[PDB]
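Number of protein chains: 2
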Amino acid sequence: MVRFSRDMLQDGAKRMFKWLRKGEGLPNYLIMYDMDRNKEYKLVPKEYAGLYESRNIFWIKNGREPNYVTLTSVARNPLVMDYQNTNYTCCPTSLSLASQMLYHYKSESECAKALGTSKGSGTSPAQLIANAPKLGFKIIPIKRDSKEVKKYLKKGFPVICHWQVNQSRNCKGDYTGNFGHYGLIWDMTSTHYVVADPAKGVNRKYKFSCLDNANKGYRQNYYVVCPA
Amino acid sequence: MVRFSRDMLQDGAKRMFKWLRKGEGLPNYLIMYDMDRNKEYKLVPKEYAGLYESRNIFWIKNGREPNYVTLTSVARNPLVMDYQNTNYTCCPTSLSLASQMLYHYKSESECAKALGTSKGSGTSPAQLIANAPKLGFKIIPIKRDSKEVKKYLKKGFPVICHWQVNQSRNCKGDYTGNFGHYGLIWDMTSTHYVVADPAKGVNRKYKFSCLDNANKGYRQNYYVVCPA
């Protein structure tokens, strides 16, 4: 079983982030050299997604990068559910999840510090757009339009969503409280957005109209995350 | 919104755990006293599952109990995905996940300490059965059969599964490579087991035969987790 070192994983992720800059989706393969005999391997997407999934599991659970990862599994993407650690860090947790998909991981607290997240006010949309460059990202505000989410998901860019959980009570039913909330759209079906909700789970499905109309009275955008 | 203190949550977990010990499923409601008004509140299954889900999110992410939890959400269960912290702690992570479902949470490291998990050999099924009572649990070794698995899920008892990931390669492509592995069966469809796999994700669907027959040459059981 081939293993790759901390230095090699960092190098491969930078090259992944760099390819993603083009807005042309994920590369067909990723070159990696094992730490034992330094042989060249051309990992296909399900392989490099599986490898970086394992890397992110250890990093998120232990809070430090793994010194090496063994290729043991395959995956459709490198996303690992990461829950918000406080009741006010939903926005930087969603940006952290995006950072996984872009192969430029920044922890929840690192994002919190950059975005200026606060206990009284949380994080506003302008705070997310204005401070994402500190972490190497650009935010593209788009219309709350499923064709727009779908267009940017093809480019490899996940989409941070913002809504008032009370407005989703009848069309989704996850929440009974009243507050604004952020999650990450990372996939879609023909009818639903698939959202990684940092207070609920990794595949919370919202009918397009349910999420689209749940921010009535608040900023009418979603927020694409891409390399700066 | 209605909030409950740590002391009421700890006590309500005891009463849920003591109720489940009867082997008659979950109670129809859970009565708890509010932390502001000190008023009686009758939570239905979706409310007490959501409250303890939120409690468990904070507990797992922060490594310490929340001082209070506000009732904000509903859920069909209190399970929060929790990943293994090393390449050898799959079994105590699976037991910790079970302990959430039983309303008697013990962390991954508390479980590994109790089970005697070791970096060299992981944990055997005999170590699981013999040491789980230290944490308040009883393990019932059961046949690798969906009929049996459904019977104990109906009683509220999750089922630790054990298999060789190479033997599941062609019927469920999650893994490449050869090693034994543990997860938690916490639900089933008409045809598949729903497995929380501490190395991959919370809802890995395994067809009954694929999981049952993937442990040839090793102990032919699954492991029901219940209150001692």
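As given, the protein sequences belong to chains A and B, one line each in that order.
End of the first sequence = 228 in full-length UniProt numbering, gap-free, step of one.
End of the second sequence = 228 in full-length UniProt numbering, gap-free, step of one.
Note that the Cβ used here is the ideal one computed from N, Cα and C, for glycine as well.
Just verifying my parser: in three-state terms, what is the DSSP assignment at residue i?
i      : result
B:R204 : strand
B:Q220 : coil
B:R3   : strand
B:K119 : coil
A:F137 : strand
A:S73  : strand
B:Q10  : helix
B:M188 : strand
B:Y103 : coil
B:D174 : coil
B:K42  : strand
B:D212 : helix
B:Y88  : coil
A:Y48  : helix
A:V195 : strand
A:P125 : helix
Residue i and residue j look like a contact to me (Cβ under 8 Å); what is the Cβ gap, rounded to whole Å?
i      : j      : result
A:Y193 : A:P141 : Actually they do not touch by this definition, with Cβ atoms about 17 Å apart.
B:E47  : B:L71  : 6 Å
B:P198 : B:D82  : 7 Å
A:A49  : A:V74  : 7 Å
B:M35  : B:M16  : Incorrect: roughly 18 Å between the Cβ atoms, too far for contact.
Checking contacts by CB at 8 Å: is residue i closer than that to chain A?
i      : result
B:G173 : yes
B:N85  : yes
With distances taken from CA atoms, which of the options is nearest residue i?
i      : options                        : result
B:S96  : B:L184, B:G217, B:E148         : B:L184
B:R144 : B:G23, B:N213, B:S94, B:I31    : B:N213
A:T189 : A:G180, A:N203, A:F179, A:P198 : A:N203
B:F4   : B:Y68, B:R64, B:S118           : B:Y68
A:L26  : A:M101, A:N87, A:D36           : A:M101
B:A196 : B:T123, B:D174, B:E40          : B:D174
B:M1   : A:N178, A:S146, A:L79          : A:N178
A:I31  : A:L51, A:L43, A:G23            : A:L43
A:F208 : A:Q84, A:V225, A:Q127, A:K172  : A:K172
B:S99  : B:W59, B:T123, B:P125, B:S118  : B:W59
A:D187 : A:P92, A:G136, A:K155          : A:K155
A:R6   : A:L128, A:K39, A:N56, A:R169   : A:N56
Are the C-beta atoms of residue i and some chain B residue less than 8 Å apart?
i      : result
A:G177 : yes
A:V44  : no
A:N62  : yes
A:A112 : no
A:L211 : no
A:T123 : no
A:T189 : no
A:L71  : yes
A:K200 : yes
A:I185 : no
A:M8   : no
A:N170 : no
Please report whether the beta-carbon of residue i lies at a distance below 8 Å from any beta-carbon of chain E.
i      : result
B:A214 : In summary, chain E is missing from the structure at hand, where the protein chains are A and B.
Do you know offhand how far residue i's Cα is from residue j's?
i      : j      : result
B:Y33  : A:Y218 : 35 Å
B:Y105 : B:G120 : 26 Å
B:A114 : B:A130 : 10 Å
A:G116 : B:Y206 : 43 Å
A:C161 : A:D11  : 30 Å
A:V165 : B:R37  : 25 Å
B:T86  : A:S54  : 10 Å
A:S107 : A:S94  : 10 Å
A:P78  : B:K22  : 42 Å
B:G63  : B:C226 : 24 Å
B:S124 : B:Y52  : 30 Å
A:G180 : A:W163 : 6 Å
B:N215 : B:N221 : 9 Å
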